[PDB]
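If you want the building blocks of each chain, they are given just below.
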Amino acid sequence: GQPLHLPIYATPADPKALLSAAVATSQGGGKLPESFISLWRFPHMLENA
Amino acid sequence: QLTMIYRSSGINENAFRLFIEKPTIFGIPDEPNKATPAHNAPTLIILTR
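Structural notes, computed from the coordinates.

Another aspect to go through is the overall build of chain A. From N to C terminus, chain A includes 1 helix and 0 strands. When the backbone C-alpha atoms are referred to their principal axes, chain A occupies close to 110 × 20 × 10 Å. Burial status across chain A gives 0% buried among its 49 residues. Entry remark: accessible area of chain A is about 6,100 Å², with carbon and sulfur atoms responsible for 61%.

Our focus in this paragraph is the overall build of chain B. When you go through chain B residue by residue, the secondary structure sums to 3 helices and 0 strands. When its helices and strands are written in sequence order, chain B yields α-α-α. With the C-alpha coordinates aligned to their principal axes, the bounding extent of chain B is approximately 25 × 20 × 20 Å. Taking all 49 residues of chain B together, the buried fraction comes to 10%. Accessible surface, chain B: about 4,200 Å² in total, of which carbon and sulfur atoms supply 57%. Distance between charge centres in chain B, computed from 5 positive and 4 negative side chains, equals 6 Å.

Residues and elements named next belong to chain B. Of the volumes computed, that of the largest pocket is approximately 350 Å³. Taken together, 17 residues line the largest pocket, and the ones lying closest to its centre are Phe 16, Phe 19, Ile 20, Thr 36 and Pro 37. If you list the elements that add at least two residues to the lining of the largest pocket, you get α1 (2-9), α2 (13-21) and α3 (42-48). With 4 residues, α2 is the single largest residue contributor to the lining of the largest pocket.

The next point concerns the packing of aromatic side chains. The geometry of two aromatic rings is summed up by the distance between their centres and the angle between their planes. Residue and element names in this part refer to chain B. Across all of its chains, the model carries 2 aromatic pairs over all chains by this definition. For the ring pair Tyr 6 and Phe 16, a centre distance of 4.6 Å and an interplane angle of 70 degrees mean the geometry is edge-to-face. Pair noted here: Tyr 6 is in helix α1 and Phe 16 is in helix α2, with a separation of 10 residues, a long-range link. On the basis of relative accessibility, which here comes to 30%, the residue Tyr 6 falls in the partly exposed class. Note on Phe 16: relative accessible area 30%, which makes it partly exposed.

We now examine unusual backbone geometry. Residues and elements named next belong to chain B. For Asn 33, which is not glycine, the phi dihedral falls at a positive 55 degrees. Mapped onto the elements, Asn 33 comes out in the loop between α2 and α3. Overall, the relative accessible area of 78% leaves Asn 33 in the exposed class.

Here is what the cut-offs are and how they apply
- Residues numbered from 1 in each chain as written, not as in the entry; some residues may be left out.
- Chains lettered and ligands numbered in written order.
- Part of a larger assembly, values for the part shown.
- Heavy atoms only, no water.
- Helix = DSSP H or I, 4+ residues; strand = E, 2+ residues; numbered from the N terminus.
- Buried < 20%, exposed > 50% of the residue type's maximum accessible area, 1.4 Å probe, protein only.
- Areas by Shrake-Rupley, 256 points an atom, 1.4 Å probe, with all protein chains shown as cover.
- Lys, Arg positive; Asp, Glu negative; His and termini not counted.
- Charge placed at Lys NZ, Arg CZ, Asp CG, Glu CD.
- 1 Å grid on protein atoms, 1.4 Å probe; cavity = no way out; pocket = protein on both sides within 12 Å on 5 of 7 lines; lining within 4 Å.
- Points joined across faces, edges and corners; volume = space filled by probe spheres on them.
- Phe/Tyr/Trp six-rings, centres within 6.5 Å; stacked < 30°, edge-to-face > 60°.

Purely geometric numbers; function is a separate question.
Here is the structure:
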C-alpha cells in the first residue's frame, strides 16, 4: 500500500506587509482683534509690549 | 467611552472629521446633521474596515 507516486509539496502563504498612513490636517488661522487706542505714546507702549 | 473607540480603531484624523461631518456617505441612512451613528457594534466594524 505504499504509493509509487511521491506526494506534492505545498507552497507556503504570502505574509502581509503592514502599512501605516500618515496624514496631516489643516486648522484655520486666527484673525486679528480690534484696534483699541490708548493714552500712551510710542516708546512706553513699545517697551511694555 | 467614545475616545476609546478612537484609540482602538486607529483611524486617522481627517477621515474621522469626514465621518462625523457626513455620516450618510458611509452608509448610515441620511438626515442633515441629525443622523447620528451610535456606539453600537455595526457602526464600529464599518469604521474599522
